[PDB]
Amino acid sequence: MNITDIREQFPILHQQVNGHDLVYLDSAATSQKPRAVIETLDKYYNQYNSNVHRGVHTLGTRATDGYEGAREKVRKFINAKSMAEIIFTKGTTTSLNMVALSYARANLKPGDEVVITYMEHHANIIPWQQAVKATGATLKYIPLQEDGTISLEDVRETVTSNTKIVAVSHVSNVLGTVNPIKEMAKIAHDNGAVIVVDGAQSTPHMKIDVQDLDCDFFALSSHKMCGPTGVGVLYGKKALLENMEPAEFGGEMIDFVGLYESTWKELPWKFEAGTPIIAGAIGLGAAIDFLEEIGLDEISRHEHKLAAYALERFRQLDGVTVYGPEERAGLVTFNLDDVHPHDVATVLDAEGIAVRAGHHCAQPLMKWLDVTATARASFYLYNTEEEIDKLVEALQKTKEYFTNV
């Protein structure tokens, strides 16, 4: 895994901001794309764009085979049993909303519980808040350990025989924690619940195998995994999808339309109403080919190296707090003592360095951490230890600067 040769495929990395080479450390907000993905969109719009699932004409057939081809690539990439379990959506947020609308709203009654955790991103909070309000069910929170991990005994405590849904992130976009999904799925199933996994921050960075995890539903976003914006996937076990009603209705997802009543297509097309995200989903198949060629285990080993290096170099700085555990995904969320994280991010952008400052769509977690906001540097397959040196040198200079001020 050669990082020079990988970075050479990402045109956007090769430019300056404010007179300094770009140092992009915000891949947890969105990732950058290699030429293989951008040229796959180009070749689609230059050569074979047409609407799909007619195949009466030649370009139509080629677009269809591209779109359903990419469905198979995603099936293989997360080790789903069938393409019937792979639904294309606009992103993780829409995928989790589909489960909350079609599954939760149809299966919750007063007495029932939905259990989540305090570290969840809002995409995996607000749909559940709404589904429990609609049904008169109850929402509960799994507590966190002091290093921001989840203990399985706390899971066992919170989940009861009235739990119907446990929803949890695979990897936290703030703490970097990798949650014990596979053991949490056992706990859910033992209680008679399903588990819904927010895989937006795990899928880009480590191999996913939904048969090993045994999750009931798993959601992911193309834009965080070197693929186009506007597209994601919802995986669900086929027997659950078969019994769920569609979240949206229209052409493409019907079989017969009468004046008042209609019947639905089989899966997966039951859940894909209207002309699909044709180019984006073919580009997400290209991103999967690109990542698979490098090797997800190789990219996870590179991120492990960068995260171990970052945590060590952050410990060298005085007056800097890092949140979450030592074992983690490739990101560090932090604050400088007495400097607002927004001013940290502004000063770093003057040195070329892109990081995020704010709540990271995790307000309940910020409250748990007893802070109003934090800064976050995140890493991906194109980042290097030299860029981490530049970040830690800039935080040192920021510290000195606001000191002099």
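Just count from 1 along the sequence shown to find any residue number. If you superpose the two forms and keep the largest set of C-alpha atoms that fall within 1.5 Å, you have the rigid core.
When the other structures are laid on the shown form by the rigid core, the stretch among 353-361 and 40-48 with the greater C-alpha deviation in 8 other deposited structures of this protein turns out to be 40-48. With 51-59 and 37-45 compared on mean CA B-factor from the PDB entry, the stretch scoring higher is 51-59. If you average the C-alpha B-factors over 211-219 and over 278-286, the higher value belongs to 211-219. Taking the PDB entry at face value, the top CA B factor among 79, 145, 203, 93 belongs to 145. Across the options 299, 139, 74, 231, the residue with the most elevated CA B-factor in the record is 139. Annotation for residue 31: C-alpha temperature factor in the lowest third relative to the rest of the modelled chain, per the entry.
Remark: residue 336 belongs to the highest third of its chain, ranked by C-alpha B-factor as recorded. Ranked against the other modelled residues of its chain, the C-alpha B-factor of residue 352 as given in the entry falls in the middle third. Split the chain's modelled residues into thirds by C-alpha temperature factor. Residue 85 is in the lowest one. Among the modelled residues of its chain, residue 167 has a C-alpha B-factor that falls in the middle third according to the deposited record.
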